[PDB]
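Chemist: Submitted below is the structure of interest, expressed as structure tokens.
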Amino acid sequence: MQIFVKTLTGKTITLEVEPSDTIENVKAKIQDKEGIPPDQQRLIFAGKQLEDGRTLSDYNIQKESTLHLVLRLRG
Amino acid sequence: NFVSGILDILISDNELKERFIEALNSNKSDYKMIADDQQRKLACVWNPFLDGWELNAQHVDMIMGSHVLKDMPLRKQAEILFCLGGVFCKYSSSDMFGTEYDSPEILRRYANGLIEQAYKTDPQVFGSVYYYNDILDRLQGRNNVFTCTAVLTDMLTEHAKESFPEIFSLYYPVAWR
């Protein structure tokens with residue numbers, strides 16, 4: 001099933017996923033596609049931060065949902 | 001105070017402009033901009049100036065014609081642009097709008113667009129292509145380097161302070177040295 005991960009600038013990268021994928025696993029496919037390391041990936045859905053132990057199903061994430069990526073870089 | 005000048009042109013929102021200009025007068029801000037609503041806010045303001053991690057060409061034209069960079073020789077232009085990248089790096093850091101583990105992503109891209117723009121104007125200002133690329137690697141998170149913009153800011157002001165001290169003294173906020 002496809003989902004979309006949007007950056008703060010409007011760019012949209014697409015992943016192939018299963019609802020039982022963990023958030024660790026999703027961040028990993030973004031590192032496969034875009035080289036961004038997982039610990040740099042703050043993912044959001046519906047105003048909610050996607051915690052690492054959880055699945056897409058845990059957040060009612062469905063086919064062609066769009067997630068928001070904000071880079072987590074230290075200050 | 002060349003910096004409050006440039007923020008005046010750049011930030012249309014008066015509440016946010018006020019925030020940025022007040023922060024020039026202190027070395028530490030307790031107002032942070034790492035929350036999601038804040039990052040979208042910044043994104044709304046600064047996306048018209050960015051093209052990913054670079055300034056977009058319309059912004060560049062505008063900025064090079066500003067009261068700040070218009071009649072200057074290339075080297076000064078570059079030197080001036082270098083300090084502005086340091087200012088946004090500070091703004092993004094843990095002493096300003098950032099935190100120990102997080103920073104306003106948009107301000108890092110604007111700081112990067114200014115540093116990259118300065119290299120295009122006169123790369124001699126950096127003194128080494130390896131330094132220019134470590135600066136980019138730290139702003140962007142590439143090649144596993146430490147991302148801390150509080151650390152990056154120090155590396156930039158130290159270069160400015162020794163390589164071009166007049167420019168740095170005039171174009172970098174007094175409260176921040």
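So you can find residues: chains in the structure tokens are A, B, ... in the order shown, residues in each start at 1, and ligands are numbered from 1 in order.
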With a cut-off of 10 Å and counting only C-alpha atoms, select all residues of chain A in contact with chain B and give the selection as a ChimeraX atom specification.
Modeler: /A:7-11,35-37,40,42,44,47-49,68,70-75
Chemist: Atoms to include: C-alpha atoms. Write the selected residues as a short mmCIF file (atom, residue, chain, number, x, y, z; two decimals), in the first residue's frame.
Modeler:
```cif
data_model
loop_
_atom_site.label_atom_id
_atom_site.label_comp_id
_atom_site.auth_asym_id
_atom_site.auth_seq_id
_atom_site.Cartn_x
_atom_site.Cartn_y
_atom_site.Cartn_z
CA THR A 7 8.70 17.68 3.85
CA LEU A 8 8.39 21.25 5.10
CA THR A 9 9.12 22.57 1.58
CA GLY A 10 6.39 20.64 -0.27
CA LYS A 11 8.42 17.70 -1.61
CA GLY A 35 19.59 8.67 2.79
CA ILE A 36 18.12 10.50 5.82
CA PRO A 37 19.10 8.53 8.96
CA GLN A 40 17.00 12.47 12.01
CA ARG A 42 10.52 13.23 13.09
CA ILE A 44 3.89 13.32 12.09
CA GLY A 47 -1.06 16.35 14.63
CA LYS A 48 0.50 13.31 16.30
CA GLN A 49 4.17 12.36 16.53
CA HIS A 68 4.79 15.00 7.40
CA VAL A 70 10.41 17.37 9.86
CA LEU A 71 14.16 16.89 10.15
CA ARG A 72 15.40 16.42 13.75
CA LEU A 73 18.83 18.07 13.78
CA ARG A 74 20.43 19.14 17.03
CA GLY A 75 20.60 22.75 18.10
#
```
Chemist: Once DSSP has gone over the backbone, tell me which residues of chain A are in strand (DSSP E or B), as a list in words.
Modeler: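 Answer for chain A, restricted to strand (DSSP E or B): residues 2, 3, 4, 5, 6, 12, 13, 14, 15, 16, 22, 41, 42, 43, 44, 45, 48, 49, 55, 66, 67, 68, 69, 70 and 71 of chain A.
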Chemist: Among chain A, which residues carry a DSSP assignment of helix (DSSP H, G or I), reported as a list in words?
Modeler: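 Those residues are residues 23, 24, 25, 26, 27, 28, 29, 30, 31, 32, 33, 34, 38, 39, 40, 57, 58 and 59 of chain A.
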Chemist: Could you write out that same residue set with C-alpha atoms as a JSON list (two decimals), in the first residue's frame?
Modeler:
```json
[["chain", "number", "residue", "atom", "x", "y", "z"],
["A", 23, "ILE", "CA", 7.67, 3.35, 12.64],
["A", 24, "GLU", "CA", 11.27, 2.18, 12.81],
["A", 25, "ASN", "CA", 10.59, 0.26, 9.60],
["A", 26, "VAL", "CA", 9.00, 3.26, 7.88],
["A", 27, "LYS", "CA", 11.90, 5.57, 8.75],
["A", 28, "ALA", "CA", 14.18, 2.83, 7.39],
["A", 29, "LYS", "CA", 12.53, 2.91, 3.96],
["A", 30, "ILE", "CA", 13.02, 6.68, 3.91],
["A", 31, "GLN", "CA", 16.70, 6.06, 4.62],
["A", 32, "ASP", "CA", 16.68, 3.57, 1.73],
["A", 33, "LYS", "CA", 15.05, 6.07, -0.60],
["A", 34, "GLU", "CA", 16.53, 9.35, 0.64],
["A", 38, "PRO", "CA", 16.20, 7.41, 11.18],
["A", 39, "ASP", "CA", 17.30, 9.37, 14.27],
["A", 40, "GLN", "CA", 17.00, 12.47, 12.01],
["A", 57, "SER", "CA", -2.25, 0.64, 12.18],
["A", 58, "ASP", "CA", -1.67, 2.00, 15.68],
["A", 59, "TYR", "CA", -2.24, 5.52, 14.34]]
```
Chemist: Give me, as a ChimeraX atom specification, all polymer residues having an atom no more than 7 Å from residue 78 of chain B, counting only C-alpha atoms and skipping those fewer than 2 positions away in the same chain.
Modeler: /B:74-76,80-82,118,121-122,125
Chemist: Take the residues from that selection and write them out as an mmCIF file, in the first residue's frame, keeping N, CA and C atoms.
Modeler:
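And here's result-v7.cif as it stands now:
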```
data_model
loop_
_atom_site.group_PDB
_atom_site.id
_atom_site.type_symbol
_atom_site.label_atom_id
_atom_site.label_comp_id
_atom_site.auth_asym_id
_atom_site.auth_seq_id
_atom_site.Cartn_x
_atom_site.Cartn_y
_atom_site.Cartn_z
ATOM 1 N N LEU B 74 32.809 42.014 -4.523
ATOM 2 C CA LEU B 74 32.462 40.610 -4.331
ATOM 3 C C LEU B 74 32.898 40.098 -2.959
ATOM 4 N N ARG B 75 34.165 40.332 -2.594
ATOM 5 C CA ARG B 75 34.713 39.766 -1.363
ATOM 6 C C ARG B 75 33.907 40.217 -0.148
ATOM 7 N N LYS B 76 33.607 41.518 -0.048
ATOM 8 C CA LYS B 76 32.759 41.999 1.044
ATOM 9 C C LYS B 76 31.386 41.348 0.977
ATOM 10 N N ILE B 80 29.997 39.498 3.951
ATOM 11 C CA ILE B 80 28.726 39.865 4.567
ATOM 12 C C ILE B 80 27.770 38.687 4.554
ATOM 13 N N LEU B 81 27.636 38.034 3.399
ATOM 14 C CA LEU B 81 26.772 36.865 3.323
ATOM 15 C C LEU B 81 27.223 35.788 4.298
ATOM 16 N N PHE B 82 28.515 35.670 4.593
ATOM 17 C CA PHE B 82 29.001 34.595 5.495
ATOM 18 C C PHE B 82 28.442 34.821 6.898
ATOM 19 N N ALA B 118 27.274 32.465 -0.380
ATOM 20 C CA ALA B 118 28.524 33.176 -0.175
ATOM 21 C C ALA B 118 29.663 32.489 -0.922
ATOM 22 N N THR B 121 29.650 33.597 -4.402
ATOM 23 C CA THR B 121 30.035 34.988 -4.635
ATOM 24 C C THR B 121 31.549 35.160 -4.619
ATOM 25 N N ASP B 122 32.218 34.643 -3.575
ATOM 26 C CA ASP B 122 33.673 34.568 -3.529
ATOM 27 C C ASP B 122 34.121 33.424 -2.631
ATOM 28 N N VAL B 125 36.611 33.378 0.702
ATOM 29 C CA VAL B 125 36.222 33.739 2.061
ATOM 30 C C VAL B 125 36.275 32.532 2.987
#
```
